[PDB]
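Take a look at this one chain, the form deposited in one PDB entry, written out in structure tokens.
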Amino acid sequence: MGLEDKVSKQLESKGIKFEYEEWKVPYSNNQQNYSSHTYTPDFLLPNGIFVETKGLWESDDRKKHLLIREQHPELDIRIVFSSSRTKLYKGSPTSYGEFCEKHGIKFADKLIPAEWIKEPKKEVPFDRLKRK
């Protein structure tokens, strides 16, 4: 390279004992791959609401939930738990419920609340969805 070379020459002219393309700096490049996936709620109420029954709620499941929320604010996806009191990880002070309150997720225990069922209808962008 002209510039690269002109520079080495500059160093050589001053009798500078430098090192040429000898050392390498190890670093890790974080690529962000976006893999596209699908998530199917368990029940779709007539009023447009979506309900997901969940017994055990893994970290994957949670994150994925949150992703679905960020990317699709037009959807109402709520979770019915067997025990909203269950703790995220054994020994942890945080439950499925709390974590739900935190990121504002509507949830309930054992059965879909009558309130939810009786809620005023809202359009669901089916065209945006993919049926099974």
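Don't overthink the numbering: it's just position in the shown sequence, from 1. Shifts are known only where both forms have a C-alpha. For the two forms, the rigid core is made up of the largest set of C-alpha atoms that agree within 1.5 Å on superposition.
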*Mind pulling up the entry and telling me whether 25 to 33 or 38 to 46 has the higher mean Cα temperature factor?*
25 to 33
*54, 63, 78, 103, ranked by C-alpha B-factor: the highest one*: 63
*What third of its chain's C-alpha B-factors does residue 86 belong to: lowest, middle or highest?*
lowest
*What third of its chain, lowest, middle or highest, does the C-alpha temperature factor of residue 118 fall into?*
highest
*Quick one: classify residue 93 as lowest, middle or highest third of the chain based on its Cα B-factor.*
highest
_Where the record places residue 7 (Cα B-factor, split into thirds across the chain)_ = middle
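Separately, the form deposited in another entry exists; it is not shown, and the next lines address it.
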_Answer among 118, 14, 110, 122 for the CA shift between the shown form and the other one that reaches 2 Å or more, rigid core superposed_ = 14
*asked:* With a 2 Å cutoff on C-alpha displacement after fitting the rigid core, which stretches of 3 or more consecutive residues move between the shown form and the other one?
replied: 2 to 27
